[PDB]
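The chain below stands alone and is given in structure tokens; this is the form deposited in one PDB entry.
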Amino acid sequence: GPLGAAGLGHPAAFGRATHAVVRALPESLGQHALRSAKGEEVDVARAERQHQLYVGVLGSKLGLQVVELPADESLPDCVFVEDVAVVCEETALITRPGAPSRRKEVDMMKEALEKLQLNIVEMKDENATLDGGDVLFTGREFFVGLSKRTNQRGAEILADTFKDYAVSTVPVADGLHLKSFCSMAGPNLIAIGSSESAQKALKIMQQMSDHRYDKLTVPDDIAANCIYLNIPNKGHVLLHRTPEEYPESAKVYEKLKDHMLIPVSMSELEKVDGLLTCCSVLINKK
């Protein structure tokens, strides 16, 4: 196997994926999806086009094998597959979402991950809730946001499932997920917002950790949600929000001269709090 830390990537590198699971959005998303704040009307056709372009980046441009689950009109939030599963190595934790009406989304995700021959562990404890959006996996450990959607028991079950990794919790403000203001932008590199709320969470995370991470600080918390991938024969890749959406944050990502930067629009789904990480579950099948 691999030794040392050199090179631009290999089949066991941090952020390597081979597969992605996504799910189409239903027409009912526009009116019936849950959302943290009143806001502008969702253009569902535009949201569909943006989702289609995002899937095209993962599958066509970057070469992942993409499993596209069909929309369910009775599950308006079903596009946000990250909340229903957390995958680490060959094990998939099927979560118990904090919003009870999203718990129906679990079935089809579990089916897809079984077909990919992952080891399946299910949250069934009636006292446990966990949204995948509250989970930051750094490659070395997990941080789990304690929010209105994820509680202490859910974090405990995650820690029981991925026993080989440290798990620590951090309080998250109401209406937010942990990854509403952070994500990994590269090996040992955490993208983080500049708000007092985001900085308070980062401090709690870094004081719980036995490691020192580097930071990529962006002026817009929402734009700290990005997707880092290590892609064969391409190397470090970063999907990030567009200059048209967050020009001041795009200026920061543009400094990453050793990344392949891919701007990806999410402006319509953001209206129902959908960001980049929310729309896929990434899997490394070795």
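Under this definition, the rigid core comprises the largest set of C-alpha atoms superposing within 1.5 Å between the forms. In this text, residue numbers run from 1 along the sequence as written.
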item	value
Higher-deviation stretch (C-alpha RMS, rigid core fit) in 7 other deposited structures of this protein, choosing from 43-51 and 231-239	231-239
Stretch with the greater mean C-alpha B-factor as recorded in the entry, comparing 237-245 against 36-44	36-44
Per the entry, higher mean C-alpha B factor between 251-259 and 53-61	251-259
170, 78, 182, 159, ranked by C-alpha B-factor: the highest one	170
Selection by C-alpha B-factor (highest) of 95, 150, 138, 199	199
Third of the chain's Cα B-factor distribution that residue 105 belongs to, per the entry	middle
Third of the chain, ranked by Cα B-factor, where residue 6 sits	middle
Relative C-alpha B-factor of residue 132, binned into the chain's lowest, middle or highest third	lowest
Third of the chain's Cα B-factor distribution that residue 71 belongs to, per the entry	highest
Cα B factor band for residue 204 (lowest, middle or highest third within the chain)	highest
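Below, we turn to the form solved in complex with a small molecule, even though it does not appear here.
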query	finding
4.5 angstroms heavy atom contact with the small molecule in the bound PDB entry for residue 154	no
The small molecule contact in the bound PDB entry: residue 17, any heavy atom under 4.5 Å	no
Contact flag, residue 249 vs the small molecule in the bound PDB entry, heavy atom cut 4.5 Å	no
4.5 Å heavy atom contact, residue 180 to the small molecule in the bound PDB entry	yes
The small molecule: the contacting residue among 22, 272, 13, 266 in the bound PDB entry [heavy atom, 4.5 Å]	272
Residues 77, 80 and 225 all lining the small molecule in the bound PDB entry, heavy atom within 4.5 Å	yes
Which of 136-144, 157-165, 82-90, 203-211 lines the interface with the small molecule in the bound PDB entry (heavy atom within 4.5 Å)	82-90
